[PDB]
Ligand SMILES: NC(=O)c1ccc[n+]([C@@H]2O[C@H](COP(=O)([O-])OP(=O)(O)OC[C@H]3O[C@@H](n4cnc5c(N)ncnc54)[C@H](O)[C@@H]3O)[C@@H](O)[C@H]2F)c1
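Given next, in structure tokens, is a single chain: the form solved without the ligand.
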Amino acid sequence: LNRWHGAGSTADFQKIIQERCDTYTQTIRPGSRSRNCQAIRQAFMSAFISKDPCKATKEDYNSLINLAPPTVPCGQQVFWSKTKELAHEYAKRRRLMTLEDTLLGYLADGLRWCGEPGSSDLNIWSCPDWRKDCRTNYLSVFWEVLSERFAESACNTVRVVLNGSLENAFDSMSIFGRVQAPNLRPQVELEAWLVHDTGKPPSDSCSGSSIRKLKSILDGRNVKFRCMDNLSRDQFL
């Protein structure tokens, strides 16, 4: 059970998911119809429990995603890469939604989970690491599937918060670069904001090499691109 190279499952995973579901559905974003959180938790567990944790497929999450698809109103989506804290504060203030503001994203944010064949329990010792063990693991596949659907459903103007205090604000291998940007629909307009740390000069900008790669992706998607830069965390918020 301790054979993997990543940290083990969040031990109270089931309780945490269900509690977050209650908070989300009742307190944060109550919906047009009720959703049963026990059933959502049950579907989450069933996706991965008692399975080879290195044989995860997108299909395994079909039932779960169908119970709570990560869709948001047009013009209200926020994407981010390497700017977790900033992007979520920005989204909170402007009443916008990141992936972590969707039901399933809110449930899963910051958690780890995996199973073991022949066992009905979470593996709390270790779980597959995406580098050292396998990319076809249940944590990575969940976030890719969720990211795909989140990106696919974007409409009108979307925003991405990128880190202007890094050498490369755009990382082609990030989930944003690999899964989200390539799945935006034509006629979406994407605005990128390259935001730097207060009191520090930016390390990347809209005229840099990494942004060229992003524009290349978006041009092929027929996604309009407007890139802003040279602003600090304070100016952005």
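Position 1 is the first residue in the sequence shown; the rest follow in order.
Although not depicted, the form solved in complex with the ligand is the subject of the following passage.
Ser140 is the sole member of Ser140, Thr71, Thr157, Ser119 with a non-hydrogen atom lying within 4.5 angstroms of the ligand in the deposited bound form. A heavy atom within 4.5 Å of the ligand in the deposited bound form is found for one listed residue only; from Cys206, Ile175, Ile40, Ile49, this is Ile175. Residues within 4.5 angstroms of the ligand in the deposited bound form, judged by any non-hydrogen atom, belong to 175-183 and to none of the other stretches in 24-32, 63-71, 175-183, 40-48. Using a 4.5 angstroms limit between non-hydrogen atoms, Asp109 touches the ligand in the deposited bound form. In the deposited bound form, the ligand sits within 4.5 Å of a heavy atom of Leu99. Shown alone here, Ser147 lies within 4.5 Å of the ligand in the deposited bound form, counting heavy atoms only.
Heavy atoms of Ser81 reach within 4.5 Å of the ligand in the deposited bound form, making it an interface residue.
Contacts of stretch 203-227 with the ligand in the deposited bound form, defined by any heavy atom lying within 4.5 Å, are made by none of its residues.
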